[PDB]
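# Need coordinates for the following:
(chains A and B, ligands or ions: 1)
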Amino acid sequence: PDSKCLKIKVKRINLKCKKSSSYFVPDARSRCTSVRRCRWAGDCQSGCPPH
Amino acid sequence: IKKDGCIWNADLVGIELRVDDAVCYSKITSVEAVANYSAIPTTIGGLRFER
Ligand SMILES: *[C@@H]1O[C@H](CO)[C@@H](O)[C@H](O)[C@H]1NC(C)=O
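Numbering: from 1, shown residues only, chains lettered A, B, ... in the order given. Take a look:
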């Protein structure tokens, strides 16, 4: 004779946007080091990288 | 002015010869040869460049 129902409840209708992509951008700093050496051989004849 | 550290592209010294002479002339200009060569006291514009 009868059956149950299905209720739909709506509370808020806000203006949002989609999600094209998702990522994380961290904070970075400046860190560096060097070393002072001498030629003393044929490894530093003219330049550091040959080609 | 030895090699292994000094860099030159091309056409910095000329060669001339008539009969087994092979005389070489100079093409290098000194520092006081280009235009807009200022000195220690400089007042170009509103800035007064001192030392
Ligand atoms: C010297 O300076 C003037 C004015 O700034 C400029 O017009 C001229 O091209 C400069 N000379 C050179 C060789 O750059």
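# which residues touch residue B:34?
By CB atoms under 8 Å, 6 or more residues apart in numbering or on different chains, no residues touch residue B:34. No exception for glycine: its C-beta is placed from N, CA and C like everyone else's.
# What spatial separation is found between it and chain A?
29 Å (CB to the nearest CB, to the nearest Å).
# Tell me the residues of chain B that contact chain A?
B:3-5 (CB under 8 Å from any CB of the partner chain).
# now with 7 Å?
Taking CB under 7 Å from any CB of the partner chain as the contact definition, chain B meets chain A at B:4-5.
# Can you name the residue of chain B nearest chain A?
Using CB to the nearest CB, residue B:4 is the residue of chain B that sits closest to chain A, at 4.2 Å.
# Burial check on residue A:49, number of neighbours?
Neighbours of residue A:49 under the rule other CB atoms under 10 Å in any protein chain shown: 4.
# Grab the nearest non-local neighbour of the residue of chain B closest to chain A.
For residue B:4, ignoring the flanking residues on the chain, the nearest one in space by CB to CB, 6 or more residues apart in numbering or on different chains is residue A:46 at 4.2 Å.
# Wait, that neighbour touches residue B:6, no?
No: using CB atoms under 7 Å, residue A:46 makes no contact with residue B:6, being 9.3 Å away.
# More neighbours: those two, which one.
Applying other CB under 10 Å to residue A:46 and residue B:6 shows that residue A:46 carries more neighbours, namely 11 against 8.
# Any chance of the backbone angles for the residue nearest to residue B:4?
phi -120, psi -60 (degrees, to the nearest 10).
# ok, it to residue A:36 distance?
19 Å (CB to CB, to the nearest Å).
# And for residue B:26, the neighbour number?
Neighbours of residue B:26 under the rule other CB under 10 Å: 8.
# Can you show me the strands along chain A?
In chain A, no segments count as strands under DSSP state E.
# how close does residue B:23 get to residue B:17?
7 Å.
# Please apply the same query to residue A:24.
Distance from residue A:24 to residue B:17, by CB to CB: 71 Å.
# So which of those two has more stuff around it?
residue B:17 (9 against 4).
# and that one, what does it touch?
Neighbour list for residue B:17: residue B:23 [criterion: CB atoms under 7 Å, 6 or more residues apart in numbering or on different chains].
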